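>>> Task: produce atomic coordinates for the following.
(chains A, B, C, D, E and F)
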Amino acid sequence: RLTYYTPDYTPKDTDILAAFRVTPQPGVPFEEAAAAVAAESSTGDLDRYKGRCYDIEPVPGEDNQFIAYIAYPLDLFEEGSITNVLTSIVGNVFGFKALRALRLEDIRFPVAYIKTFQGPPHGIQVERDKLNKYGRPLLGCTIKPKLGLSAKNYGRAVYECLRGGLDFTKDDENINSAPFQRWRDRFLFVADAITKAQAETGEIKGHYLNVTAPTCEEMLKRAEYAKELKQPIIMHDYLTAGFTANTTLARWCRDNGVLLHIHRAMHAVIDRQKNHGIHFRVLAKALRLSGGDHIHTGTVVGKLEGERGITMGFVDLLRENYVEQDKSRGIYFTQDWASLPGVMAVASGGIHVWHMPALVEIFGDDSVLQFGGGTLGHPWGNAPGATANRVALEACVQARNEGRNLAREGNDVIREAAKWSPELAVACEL
Amino acid sequence: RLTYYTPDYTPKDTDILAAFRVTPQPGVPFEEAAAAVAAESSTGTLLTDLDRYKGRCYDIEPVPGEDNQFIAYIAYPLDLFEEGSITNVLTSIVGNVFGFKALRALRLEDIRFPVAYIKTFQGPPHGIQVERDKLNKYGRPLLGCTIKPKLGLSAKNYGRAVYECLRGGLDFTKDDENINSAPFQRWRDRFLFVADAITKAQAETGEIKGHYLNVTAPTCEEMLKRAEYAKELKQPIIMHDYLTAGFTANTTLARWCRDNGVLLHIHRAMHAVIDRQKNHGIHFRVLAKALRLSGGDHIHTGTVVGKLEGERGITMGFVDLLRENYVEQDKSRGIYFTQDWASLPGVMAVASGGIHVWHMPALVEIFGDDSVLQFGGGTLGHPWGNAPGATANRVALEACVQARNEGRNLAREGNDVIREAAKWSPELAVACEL
Amino acid sequence: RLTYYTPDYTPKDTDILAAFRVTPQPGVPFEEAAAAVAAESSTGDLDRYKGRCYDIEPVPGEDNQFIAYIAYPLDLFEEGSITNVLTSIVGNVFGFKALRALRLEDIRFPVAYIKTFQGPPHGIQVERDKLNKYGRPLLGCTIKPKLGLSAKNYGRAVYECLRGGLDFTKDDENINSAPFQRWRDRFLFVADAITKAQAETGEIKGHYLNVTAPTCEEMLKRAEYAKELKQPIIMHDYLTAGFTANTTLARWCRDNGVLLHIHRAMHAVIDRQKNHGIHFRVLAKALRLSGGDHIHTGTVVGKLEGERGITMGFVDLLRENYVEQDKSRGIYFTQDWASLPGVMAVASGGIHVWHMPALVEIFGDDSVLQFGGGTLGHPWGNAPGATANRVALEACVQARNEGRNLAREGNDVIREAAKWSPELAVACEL
Amino acid sequence: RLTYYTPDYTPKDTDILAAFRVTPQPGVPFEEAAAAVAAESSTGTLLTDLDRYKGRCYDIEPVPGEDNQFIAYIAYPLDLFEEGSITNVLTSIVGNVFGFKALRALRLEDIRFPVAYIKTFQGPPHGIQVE
Amino acid sequence: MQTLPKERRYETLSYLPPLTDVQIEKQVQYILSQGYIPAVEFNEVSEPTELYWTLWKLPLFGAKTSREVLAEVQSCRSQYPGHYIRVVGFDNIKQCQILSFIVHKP
Amino acid sequence: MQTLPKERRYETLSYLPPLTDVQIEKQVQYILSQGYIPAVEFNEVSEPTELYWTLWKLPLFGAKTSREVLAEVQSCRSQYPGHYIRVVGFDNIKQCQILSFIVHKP
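Numbers count the residues shown, from 1 in each chain, chains lettered A, B, ... in the order given. The structure is reproduced below:
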């Protein structure tokens, strides 16, 4: 072999670059495994259609590991298919035997190949225009308890969160339909809890109705029903249901005006190990090229400077048009998204009232903030627990719209909003 | 917590068991992490009844020979999950629980879909039995080339390499991973110039030849218009990369192929992201059981010949999970839960390593009759082309099928029946050296 | 040849006459090129199916140029197809080598062949009945700037023009869908700006939603969505998208009650040159026989007596039932439209407040007046800039409904309406 | 005008170039007509950003052997036009610009659809090879 | 420098100041002296999405002076103080309608 | 221990106590000193399902002080006592809208 490692190949602006993180077996030299991670992701008519490696760049601070930049040609891949990028690139390359652990860190879809895709149904700008929610990061409950709640008692907990100024309310991962709660009746009693919570408080309230289904016929008849309840948004677990069902629903949600909340269910099988898998900034690029107006980007509050540099790394990749190659922040390739619409970055960890000064500064306007993730609820319920998370939101947006430095004057603006809010002042401590 | 660790809980015959391989962060005890992997895959950390929908860890069983690792058997109830949705098994079980931060690595080893929950699925479109009845190919492991080169071949040159392999005794011929459609080779033309090359090789030699036409597509509409075209070319078989395209698109095509009589070849592309590390991910015997419940008449189970005794007992573990009706709990052979499939149809186990002529004693002995043997993946073809290259891969089959059917122990008398079949076949004798 | 020049052929009332404007090569005699512009537009039987020339009529005031009247039979052409008239007549005749420049001036579709077509979906009379807008020429902004405006900020500029008494508001040529503004979201936020501007001022407000699309499937699903926003009107760039897509959309807009604003995009590739091309009075007849309830007829204000005689020439051809053969006004054949519905004549040049006395006299009631074409906006915005163009409209219709000669008493009725209107009095000068 | 004539503008590999053959009316200079054919095919004559969606003339190159004629290379950006619509190339580029009255004749000679914009189309159904 | 307030400003001849008795009869004299048929219409509410206005007694086919077309609206002043009275003008032949102006308002 | 009563609580900056004249101008000073375009909008009713608010006179492209952006709303106090007046802030370039706060309520 060793014709798949061409280190003088300055890669074309139409190639589809991929930056693996190879950890080769002991005794395997770095040129030979980098020609091999470019080998079995192609051509295991060969000079034009070859995945070729063009740089090594060993990982600083660690031996026996490097970052093999592979340069796949454009015309190897299907116009508009992200299930052909992951079939071609990461199909038969992670199981190659001369590699102890192979991790796809980043990938560069060019301007030539982003235009074949749809992008999100609605961006940041188009989504906020449809919701008429401007200049603040949006909100969310996650209805706890997950299981067991009948379709109306689930809807009553949706009505109770959405009364308290909460923008959206998430349906769970494992709630698709189940003998305690069918989707036809979950969707009915939720859309009857939104038209009361939108009539009570005039804001456009929504609920991420889970349309993840066994078949793509049962997914679109689960989304065509959320369309005919006049629902603003649905959601879809895009890694258990895949990139053929997501791209089916992407093309639907653009062609039916429904926003799409992509959930990163089962994302941590394939990225959570730091040496093997597919890092989420590839999967964040992969669903910006399939659809999603939202994506969970986890949280920033429980992470160090490097682990939230990486977390803010793919948050810019799924939300900003042009992102410069900044390897310390995790982005390995300068990604031009070619005016593709953005995706929201949904913060959903164990965040609570006091993380509003950070998460309005870290995550900007273009964000959604979920709640109930790890925290022990609110002692007064849901409608005070959502008004706590909405006053503490807009106390931080009020201070941000007055120049107050929310890294230092942030805990002050919660405590001077606990005076003019009683539901906040009891979530002020627990 | 420790309300989700019920160690006395004898699990019911209708629970959906799951055996994780938890590698907890240090200082996290074993019960409290195993209650946690039962926590955030349900009923996360009263409005309902907790004790009816909660996942319960019920046994720990530390892994022998390696501390900081155990096998948390979790017992999810039946009525937590959706009837017929294998993308709701994974959304429930491996959804929110691997990125759990008290755990350094978490590996879903095995999973027991009960008889109550297997019956909501469809199974394969066609089993071992109905696949062999449609193809009229009995008592031998079936075959396949893989069309090299992958990229660059136009659709007619691609079908000439299909027709050349399908003359010389080969049963099937695989379309590649990274071939769905691409500006050199569109699918409408690749399927057309392969149907014109099957019905030439099927009419020439009277066996029902097929080709795994790749219907993996960007959208589920584009997938079914890619499969309904292979239906209208009267093709016997399509294929589908089920982990890139997902389980909603697979179960859509499962239900389609059963309702249209097309065989489904499930290809395990992007499987090694999640089953290759021994500490974290989803072991393939979960993903083998997951597509026996959704569609597929064939699934790549890789190979045996490059692996040790312990690494092929585990590979012959999940070959039995996707091919046999009842499989006993044997953990040295890899299976953690006894699995009644409730007369669900089998899935072929496809052998697709870097394999050639001299492995026909091995892969007819290891993988039985109920198998498919791919070729051309790693080995460098044949000097006389594809049709003498496929007859070398077919005379070596039926020599090893004849030898196995005469008491000849192919483990020991296997290299004799390759050498005594290379005499009566000139196409095999030149393939006998490399 | 010279069996295709039959000068005694008095043409039948069922023929399809065509009056070319041949400029033959030097040395080519006029009988031979006129038999040749009738040659390769047929038969390159013969007595029953040849396009034959029957008159020469040299252009007065100019040598080496004449007006070859060709008389095509009826049964050569497809019933109901204007893409077969232009394939047959002007298909392979302009490229004939013994002709320096060939221009199709006028064409006479007979009563026999107009009845095969649909005509417009709705005429002048049927359109005004649907809009309930009587006795005045209608109005229009064109939303400036063209590009860049997001789907809601585009809709906010539509709401602002349509508040100020403006009847319609045009979507641009090059706005079909583009990564800053998708049609699904442009159409949504415009139909949400019409139901506010129609509820504010009770008049039937409309917007010419651009349904020009790459395919005819993406054009009708772009028009079936403007139908289900209950929109009164759509528009269609009818020469870039062709006469198969208009006749597809004509037959749709008649069968779904949507008015059609035919825009003459790319018209001036094929008629700007006075010696070669297809003059717009052919193309105005061609879309009256395909659909359109409106058509841009440019402007009259920047044109001399002959150039607005020709401009009023085809304005009568696309709006009046019977038009007499008047060659000084440009109409070469007496055209009986056989009670076919009319088309509006949409004035869209650099017209402004002070051209209202002329363009209510020149263009009658049966007209639409666009604005923002070349002029530098209005100094107070859109809703004053539309109220200026609506008071100055109806000040000229008030004077016209009182007998005041708007050629001489026209500038008086603007200046005596600037007193009783403050938004007009600031557009009174700039 | 002359904000649409940027003669130093090296056009990007994702612009949609267009080479007109402008024959301007006399007294109209060459830059001001070439900025005008870049004008009324975009962004016609602070509600948005002009400099991102404007057509920019970037070279003049007078036609040899014939005065009053030049080849205005216009550089339209990518995200002005529709994915997959060749009837939106013509509606944008040759739509509103030939009937422009400061020009006696205007001929769209050539046009460069970039690799970024060719990929939104389908191409032929079947090529030379597949035919 | 000022915006336009939010009024109804009904159909046509409605952005100009409301037409007085001289401008009513001069437009009525435009109806008969151009050979149109002066019909009187009334309606409860004057939005132009209620499409039909209820015709007063006749459309006045043989009406020749403005002193009697207005005198039929003089019979319609006291009858309907709360209805938007209106003199429309129908074309004599060619099936269209031209003049439209409210003469009386609630 | 208490619940939240049923108010409208209009869009954004509306669950906090209603912003006074110091907090109006400090947010207006945030619009100009961050390079956004302070536009004034008004509407009859302030639910966020009526999607367009009617723009007051201009969006104030060259507005440089808060003493004149508010002084344009001072021209909009007496004009519209019953309309929800609002100073929005448009992005100068990149097609978005940021600030939104009601300065006057009926």
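
>>> can you give me the helices for chain E?
Secondary structure of chain E (DSSP state H): helices located at E:21-32, E:66-77.

>>> right, so those: which one is the most enclosed?
helix E:21-32 (a mean of 18; mean count of other C-beta atoms under 10 Å in any protein chain shown). (C-beta placed from N, C-alpha, C; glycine too.)

>>> coming back round to it: just send the helices of chain E back as CSV, with distance to residue A:49 too.
Formatted as CSV, the helices of chain E follow (distance: least, C-beta to C-beta, whole Å):
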stretch, distance to residue A:49
helix E:21-32, 79
helix E:66-77, 85
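
>>> how about a markdown table for those, with distance to chain F added?
Formatted as a markdown table, the helices of chain E follow (distance: least, C-beta to the nearest C-beta, whole Å):
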| stretch | distance to chain F |
| --- | --- |
| helix E:21-32 | 30 |
| helix E:66-77 | 33 |
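
>>> now for those, which one comes closest to residue A:152?
Nearest to residue A:152, of all these, is helix E:66-77, at 58.5 Å by C-beta to C-beta.

>>> what does that closest one contact?
For helix E:66-77, contacts defined as C-beta atoms under 8 Å, 6 or more residues apart in numbering or on different chains pick out E:24-25, E:28-29, E:31-32, E:38, E:40, E:42, E:56-57, E:60, E:63, E:85, E:87, E:103-104.

>>> And for residue A:380, the neighbour number?
Neighbours of residue A:380 under the rule other C-beta atoms under 10 Å in any protein chain shown: 18.

>>> any idea how far the residue in the stretch 201-350 of chain A positioned nearest to chain B is from chain E?
Relative to chain B, the nearest point of the stretch 201-350 of chain A is residue A:242 (1.3 Å; C-beta to the nearest C-beta). Going from residue A:242 to chain E by C-beta to the nearest C-beta, to the nearest Å gives 49 Å.

>>> Likewise for residue A:341?
Taking C-beta to the nearest C-beta, one finds residue A:341 at 33 Å from chain E.

>>> same thing with residue A:410?
Separation of residue A:410 from chain E (C-beta to the nearest C-beta): 40 Å.

>>> Now do the contacts for the residue lying closest to that residue once chain neighbours are set aside.
In space, and not counting its chain neighbours, residue A:410 is closest to residue A:357: 2.5 Å by C-beta to C-beta, 6 or more residues apart in numbering or on different chains. Contacts here follow C-beta under 8 Å, 6+ apart; on that basis residue A:357 touches A:396, A:399, A:406, A:407, A:410, A:411, A:413, A:414.

>>> Could I have the buried ones of those as ChimeraX selection syntax?
Filtering the contacts of residue A:357 down to the buried ones (16 or more other C-beta atoms under 10 Å in any protein chain shown) takes a single ChimeraX command:
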select /A:396,399,406,410,413,414
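
>>> Farthest pair within the contacts of residue A:357?
Of all pairs in the contacts of residue A:357, the most separated under C-beta to C-beta is A:407 and A:414 at 13.3 Å.

>>> wait, doesn't residue A:326 sit right on residue A:314?
No - look at residue A:326 against residue A:314 with C-beta atoms under 8 Å: they stay out of range, at 11.7 Å.

>>> what about those two, which has more around it?
Taking other C-beta under 10 Å, residue A:326 and residue A:314 do not tie; residue A:314 has more neighbours (26 against 13).

>>> and that one, that's in a strand?
No - looking at residue A:314 with DSSP: H, G, I helix; E, B strand; the rest coil, it is helix, so not inside a strand.

>>> related to what we said a few turns ago, let's have the contacts of residue A:357 in JSON lines, adding secondary structure and distance to residue A:231.
Shown next, in JSON lines, are the contacts of residue A:357 (DSSP: H, G, I helix; E, B strand; the rest coil; distance: C-beta to C-beta, whole Å):
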{"residue": "A:396", "secondary structure": "helix", "distance to residue A:231": "29"}
{"residue": "A:399", "secondary structure": "helix", "distance to residue A:231": "33"}
{"residue": "A:406", "secondary structure": "coil", "distance to residue A:231": "33"}
{"residue": "A:407", "secondary structure": "coil", "distance to residue A:231": "38"}
{"residue": "A:410", "secondary structure": "helix", "distance to residue A:231": "35"}
{"residue": "A:411", "secondary structure": "helix", "distance to residue A:231": "37"}
{"residue": "A:413", "secondary structure": "helix", "distance to residue A:231": "34"}
{"residue": "A:414", "secondary structure": "helix", "distance to residue A:231": "33"}
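
>>> With distance to residue A:121 added, can I get the contacts of residue A:357 in CSV?
Shown next, in CSV, are the contacts of residue A:357 (distance: C-beta to C-beta, whole Å):
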residue, distance to residue A:121
A:396, 29
A:399, 33
A:406, 32
A:407, 35
A:410, 34
A:411, 38
A:413, 35
A:414, 35
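
>>> Would you tell me which one of the contacts of residue A:357 comes nearest to residue C:319?
residue A:396 (61.7 Å).

>>> Got phi/psi on the closest residue to chain B within chain E?
Nearest to chain B, among the residues of chain E, is residue E:49, at 40.3 Å (C-beta to the nearest C-beta). In terms of degrees, to the nearest 10, the main-chain angles of residue E:49 are phi -120, psi -10.

>>> mind listing what it touches?
C:132, C:198, C:202, C:204.

>>> Endpoint to endpoint, stretch A:401-415 covers what distance?
18 Å (C-alpha to C-alpha, to the nearest Å).

>>> Pull up the residues of chain A that are close to chain D.
Applying C-beta under 8 Å from any C-beta of the partner chain, we find that chain A lies next to chain D at A:13, A:14, A:74, A:79, A:110, A:111, A:112, A:113, A:115, A:116, A:338, A:339.
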